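Take a look at the structure tokens below, where one protein chain is shown in two forms, each on its own, as structure 1 and structure 2.
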Structure 1
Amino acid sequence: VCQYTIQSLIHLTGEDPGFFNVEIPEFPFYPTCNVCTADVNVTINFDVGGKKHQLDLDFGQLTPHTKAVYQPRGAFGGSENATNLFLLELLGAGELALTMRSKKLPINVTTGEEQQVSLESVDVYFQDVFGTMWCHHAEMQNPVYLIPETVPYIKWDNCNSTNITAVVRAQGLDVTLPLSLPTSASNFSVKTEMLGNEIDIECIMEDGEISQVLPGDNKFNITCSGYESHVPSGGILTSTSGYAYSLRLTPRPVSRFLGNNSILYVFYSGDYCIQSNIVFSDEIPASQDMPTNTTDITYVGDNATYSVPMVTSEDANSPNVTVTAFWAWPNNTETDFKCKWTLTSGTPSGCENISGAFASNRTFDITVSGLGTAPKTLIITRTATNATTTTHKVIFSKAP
């Protein structure tokens, strides 16, 4: 039973790089919670020559504080080693991505249907610490056919090695490379390919070559093959102010299916080629916590109040509204996450020293009791149907 469902529409444009990447940005990752977990399952919806076929993947319990990359714990309806064809990755700021290999079939099909498998949609099911079931439906604008094949190893001759490592963090590659050219601001063209473990990503300059290179930074967009990220891919050509050129490349998404010690080839013209080894940071890039607004509240006595307004895009006639609260750095998943309110609800059992109620305004007034002398921080989250989950960090401190 889904309490909130997010819808997305995805369209594959360029060539298939060997993986399909689906971003899921709207599930709650609660801040100041070493102990918060999330149960995640995924359903892949295939069409096989007109016949519907669902692949159910079980990713177990996410533990964002300690692990950023997840493989399926099990698969139902899939081929052998289907669990090896999918990755779930935490991207930071409450976002995650689902990645599937595109050139190996994850389901069983008959002789003759091997080229008739198309991906229709992906459903992601996400149950948070408060018991709320979240769902994401990613629809393909057009069903995308899987073309199974083995990708041969390819290496490019006549490419200068650099000692500079291209480091990928949360599917974003970042690297700055020194180039040299006879001409000097002289147009500039660059394309890249990232090759490894049967993955082949090609990135090119959208808007074409740089016809006149200005001094300083020359920002230019680049488009990589596969499903595009909502964060744009880009690069910068730094010119000295013969003449020095520095090339910053920030393409995304770059899947760790490439493996460590895959190779980034940079072909540029003013073809010259430099190659750099790619490494995938196993460490989390940044805090996975969803972004929050912080408010400092003072109080006298042991009672304090905070009013939670409607969230952005929350309509006055929203079928479902949910407000939740917990004290920062909770210790016990069994007793610290009972403070959840819906439009029909009371302060549940086990929610101690906190009261809340919706007004006719749909404003949610929360009151905290038994406040000691030290500052205490309350993490308040509000969601509404087809609205934006918003988390408030409210620090209650004794009036001076």
Structure 2
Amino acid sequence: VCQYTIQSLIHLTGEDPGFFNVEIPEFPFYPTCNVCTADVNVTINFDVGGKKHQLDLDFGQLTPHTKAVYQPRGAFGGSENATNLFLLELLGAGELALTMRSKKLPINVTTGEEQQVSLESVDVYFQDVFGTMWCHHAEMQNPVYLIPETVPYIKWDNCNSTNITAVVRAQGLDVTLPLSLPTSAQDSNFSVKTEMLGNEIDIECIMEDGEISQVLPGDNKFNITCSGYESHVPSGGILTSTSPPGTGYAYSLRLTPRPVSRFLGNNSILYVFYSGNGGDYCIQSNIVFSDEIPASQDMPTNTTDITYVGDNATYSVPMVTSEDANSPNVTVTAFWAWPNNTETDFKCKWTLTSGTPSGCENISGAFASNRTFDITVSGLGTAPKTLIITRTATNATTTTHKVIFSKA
């Protein structure tokens, strides 16, 4: 019953740090819509000694304008209190992430056998206000067996404390740490490693290149690789050197480790271990998780102006970048900016072979040869009005246009 399905591969880097994370970036979150909701259901497919076991979670209705972190409302085949192991979080710009605590089994299995269970894939079901059913299939490229417990308490003994608190927004950590080294930028080899500890989770991040080697005046950007399931946005770091006495050499170190889950808990600890070679230094700081809604959940848009005369106006919807002619399914939807009734405002939907639905008022749509979609509006008044048009194809990228119609 999926109109459009998207495939993705989940890669595990190094080890499971205590939570599983998967990103779904292609579901539509329409702009200028307070009343736009989505029905989301998620199935996790587990392999248990070669036998397959499904786990269905119900996440109710997403309300992006009022809520950004969702706990499943009901589970089928789950172990008791399992619903507690899952979170659904909106990340902004039309994306969301699904998280599972991975140190407790979410399915009851025999103690004697089935002790090692592996996650095989995750299926995500998404139905928008137009009634279109979106599906995402994410397959575990390199899975490991889920190992319950294995959570020793870890603390580092000699690390200078910092009153700086690192805040996490939409799973992303952002902190800047002033520091001092005896080495000038020219004669410095800089390296840094981090560790984040809290609750049941232990994340390690390193520079895969080892060290910056020669440090340059100004900004020195570099990648960092963290243990766990990797986000499509890479984690990063920047070492900034001041411009050229007996005083030391000042630097600012900014770190942005990307997949950081609030399952760590408020007041978990970020450890930063760095070294400047011409020794060793360790800084520790607390980490807190913002509860603020991103308020930018809308998917990216393309805004364009159309000037008309009279009370009729036309607009041509181009093919999607990845879409080609003869694409098996093409869907185009449209609604006026800031609707207020879900029962009537979202009736204009066209497939390749459907025509204009009876419930669509003062808008006509038809596919021309070369697959350009032509929209006609016949009731435009004198005041400007904004039209939101969304087009998708089977293996292509969903694209949304904001079209402003203005009288000449």
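FYI, numbering is relative to structure 1, first residue = 1. The term rigid core refers to the most C-alpha atoms you can superpose between the two forms while keeping them within 1.5 Å.
Superposing the core, which one of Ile204, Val144, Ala97, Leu105 shows a C-alpha shift reaching 2 Å or more between the two structures?
With the rigid core fitted, the residue that moves is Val144.
Taking the rigid core as the reference frame, tell me whether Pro285 has a CA displacement of 2 angstroms or more between the two structures.
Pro285 C-alpha, core-superposed: shift of 2 Å or more.
Would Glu114 count as moving between the two structures, using a Cα shift of 2 angstroms or more after superposing the core as the test?
Shift at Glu114: 2 Å or more after core fit.
Once both forms share the same rigid core frame, by what distance in Å has the CA of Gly346 shifted between the two structures?
Once the two forms are fitted on their core, the shift reads 2.3 Å.
Could you state, for a rigid core superposition, the Cα shift of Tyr125 between the two structures in Å?
The shift comes out to 0.3 Å.
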